[PDB]
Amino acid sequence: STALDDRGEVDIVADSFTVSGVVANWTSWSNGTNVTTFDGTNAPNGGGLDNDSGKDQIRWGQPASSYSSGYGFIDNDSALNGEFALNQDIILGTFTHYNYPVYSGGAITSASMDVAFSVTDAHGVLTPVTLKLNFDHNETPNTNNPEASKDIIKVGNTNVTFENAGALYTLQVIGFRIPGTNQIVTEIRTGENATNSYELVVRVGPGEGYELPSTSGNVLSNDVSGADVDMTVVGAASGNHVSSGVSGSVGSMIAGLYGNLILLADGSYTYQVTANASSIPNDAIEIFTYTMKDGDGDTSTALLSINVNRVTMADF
């Protein structure tokens, strides 16, 4: 019995749209007293400045100690330099949670913000696109326990599909990130009398929802055993470990250079590209090792090699 080398390939669109500056507007909220929305200012609790007249700030509550609570979203227009890259984390802006003590009952329970922008094709055709974001808000009753007193925001994983040069793209909310970290969260917790700023991360790719590029296969399909022996995957790992063979991790998420592998005992696998397109070179290959066992109990090891191919929207 002998395990043979397997080969696969996955395409990742690596490309960019030309886009305008983005404009954020708080459009709707439920409940709350003294709710205001506005374009950010350098007033103490004004949220800071942005290049537009959209109302990027929202506030609520009668203050019990100083300022009103609320949210603010400062766009990333400068650094985005007029471009959205595909299959690439995009910092749309920085979302700040302003949590202050307000008299109880005075806060919203939910709210929604529009982010609008135009998209140019190669012929100069502009396509207006609006992404809607939704937030559930829990201004918690304040007690002597400061962790329990934190206020909690929940961001929905909303998206928008739009057309460009005759094909569909989807922009999709991923979540919130502490700058300089890699963890995305979908809920934020903020202490009273504090602010909390997070990058708001989105991605855009082809099709009607956003999906990480992926490929699937079966590594046992080409392996060799007597007509009267069944084969089973008993080991898997990132990289080339053929000398040693491998044990365990069957059905675990296995991190490679560009993405993750799951390989099941019956040889079926899915590989998913999680890396930013910018991190993926030309001639990119992802290598895994697996070990198979046959009915006799004999083991054999081989490689699964998956070409990560950078392609264009036009060639997709």
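One-based numbering along the sequence shown.
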Fill in the blank from the handout: The stretch whose C-alpha atoms carry the larger average B-factor in the entry, 7 to 15 or 21 to 29, is 7 to 15
Practice task
Going by the average Cα B-factor in the PDB entry, point out whether 256 to 264 or 277 to 285 comes out higher.
Solution key: 277 to 285
Fill in the blank from the handout: Reading the B-factor column for Cα atoms of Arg177, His97, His137, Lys132, the highest value belongs to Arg177
Practice task
Kindly indicate the residue among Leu126, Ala194, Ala111, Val115 with the greatest C-alpha B-factor in the PDB record.
Solution key: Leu126
Fill in the blank from the handout: Tertile call for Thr301 (CA temperature factor, within chain, third-based) is the lowest
Handout entry: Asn51 by Cα B-factor - lowest, middle or highest third of the modelled chain
Key = middle
Practice task
Could you say whether, by C-alpha temperature factor, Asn87 belongs to the lowest, middle or highest third of its chain?
Solution key: middle
Fill in the blank from the handout: On the chain's distribution of Cα B-factors, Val173 falls within the third called lowest
Fill in the blank from the handout: Of the three thirds of the chain ranked by Cα temperature factor, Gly226 occupies the highest
